[PDB]
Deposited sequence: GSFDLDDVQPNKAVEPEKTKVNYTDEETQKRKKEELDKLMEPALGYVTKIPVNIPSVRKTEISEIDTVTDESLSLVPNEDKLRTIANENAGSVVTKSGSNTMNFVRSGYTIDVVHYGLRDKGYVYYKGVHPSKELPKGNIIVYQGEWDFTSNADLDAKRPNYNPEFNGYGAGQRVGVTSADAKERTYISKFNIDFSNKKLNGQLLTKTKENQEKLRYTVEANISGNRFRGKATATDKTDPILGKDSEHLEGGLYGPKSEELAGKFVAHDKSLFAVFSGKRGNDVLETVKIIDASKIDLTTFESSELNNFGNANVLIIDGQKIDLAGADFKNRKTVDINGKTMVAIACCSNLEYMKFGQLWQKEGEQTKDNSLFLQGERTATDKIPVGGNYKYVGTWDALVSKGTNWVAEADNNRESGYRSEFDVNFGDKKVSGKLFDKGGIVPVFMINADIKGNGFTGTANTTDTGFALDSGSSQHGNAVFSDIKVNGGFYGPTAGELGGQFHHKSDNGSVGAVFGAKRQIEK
């Protein structure tokens, strides 16, 4: 007797909803009936957290199985066409019995921090799928589209199993309106195309969420709708996309890719996500999907919101235990703070991070003078270590204060040590697009490293920043420098003010 959990229709939708969380990629195993059951749904759907397009999800696992019984594992990734995404399958084509048949997946790299400015941009690619296994789903003993006897009856049938058919995808992305619509088609030997699915999605950050609608509801395999399509834009300037959808009855799992042509487009920043290493004082990029309140370390997510003003988060990621201090509760569209791996009382790879969701360029104020107030985080190293740790005290704390002139397109900034009545860093920058670039300086003679102890001096250090939120009511930025006469790494964020 086969017993399984009674899943309510509530939980079904909830576990489907869970599949909509953004990730570098997704992979599912092709369902295979155990002898006593008649039907096996798609259910083993896992996120992909590794970041190399060369690695095929769970391929190795399948390969270790393959050789033993028969051997023939085929892999399709679209590596000959795509540069930032991989989609397809890795399967045992000589599969029989109850062992694994393989996996369908998509994955991507460098989630886009820059999108095209506007207009409708075309992306072409491929798609693949696996079905569930169902003896009772009107699937014919002979299939005019799929190789073999009773394809999809005892074992999920895939795009790999099709008779001389290519599975083409086309997408139209309206970057002006952040809408996406597309087609999943099948092309036969005689170049006749058949629309299998239309897709529609809304873009948010570098991700889209939407639905896939089945062209032919009488199709025994590709005939069910999905209200759960999710994917992302990949590559620094949105060169490519990839994604998936799950049929509402878990009877199908599809993956797709897309790549736009060589037309050079104007782009805009939508996301800031970088970290400064506090020993090299170099800046590296972080993966981000357009939610600044979530930190992606090793393809795994860390939530940064909390009840306090700034919040300490401890999260275990691949045996690497990570700790982040994220500020601030009054910042809705950006986060910054410290990040490190913990080793008992030892701490490795200390770094500062900054994340923000850029304001739309056309939503940056064209004129007006506003004050921004926040705090900051920094490390300075000239012999000893001076440090700034974000706080809540507007009066004598680690203050950051900014005068922004949207008319004259300028940012003037002050960064204070605690107690200090005078600033220790003076930021001057010009507003360009939805960001700003400029310089950070100390006074001629600098500031004491606390408290014959050293003085720290920094001249014309490059400052990079952005305006965040719907109408740029938040701003943040960073600067870093390394030399033997001193080194610094700093992140800051500030909220727009109103006279009270």
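Comparing the deposited sequence with the modelled residues shows gaps at 1-20, 472-474, with numbering starting at 1.
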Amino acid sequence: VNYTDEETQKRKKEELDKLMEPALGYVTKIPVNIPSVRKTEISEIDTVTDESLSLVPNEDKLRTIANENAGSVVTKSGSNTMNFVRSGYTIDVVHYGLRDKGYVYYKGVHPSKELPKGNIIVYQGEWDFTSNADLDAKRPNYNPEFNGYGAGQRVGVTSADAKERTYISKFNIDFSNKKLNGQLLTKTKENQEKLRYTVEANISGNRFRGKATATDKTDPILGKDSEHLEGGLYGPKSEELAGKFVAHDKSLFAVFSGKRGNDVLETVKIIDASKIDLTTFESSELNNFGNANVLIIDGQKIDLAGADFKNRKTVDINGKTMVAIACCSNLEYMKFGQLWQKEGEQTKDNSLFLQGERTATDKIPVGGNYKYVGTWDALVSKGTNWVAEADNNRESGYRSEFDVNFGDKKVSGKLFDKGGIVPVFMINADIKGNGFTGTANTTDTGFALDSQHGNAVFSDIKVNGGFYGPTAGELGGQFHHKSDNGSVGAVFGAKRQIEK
From here on, numbers count along this sequence of modelled residues.
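The deposited model assigns a higher average Cα B-factor to 341-349 than to the other stretch when 341-349 and 105-113 are compared.
Taking only CA atoms, the mean B-factor in the PDB entry is higher for 55-63 than for the other of 55-63 and 38-46. Per the deposited record, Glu190 carries the highest C-alpha B-factor of all listed residues (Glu190, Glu357, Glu227, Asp377). Between the residues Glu239, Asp298, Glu332, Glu285, the entry's highest C-alpha temperature factor is the one at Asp298.
Annotation for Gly486: CA B-factor lies in the highest third of the chain's modelled residues. The PDB entry assigns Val199 a C-alpha temperature factor belonging to the lowest third of its chain's modelled residues. In this PDB entry, the Cα temperature factor of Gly466 sits in the bottom third of its chain's modelled residues, the lowest group. Per the deposited record, the Cα B-factor of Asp430 falls in the middle third when ranked against the other modelled residues of its chain.
Annotation for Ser77: CA B-factor lies in the middle third of the chain's modelled residues.
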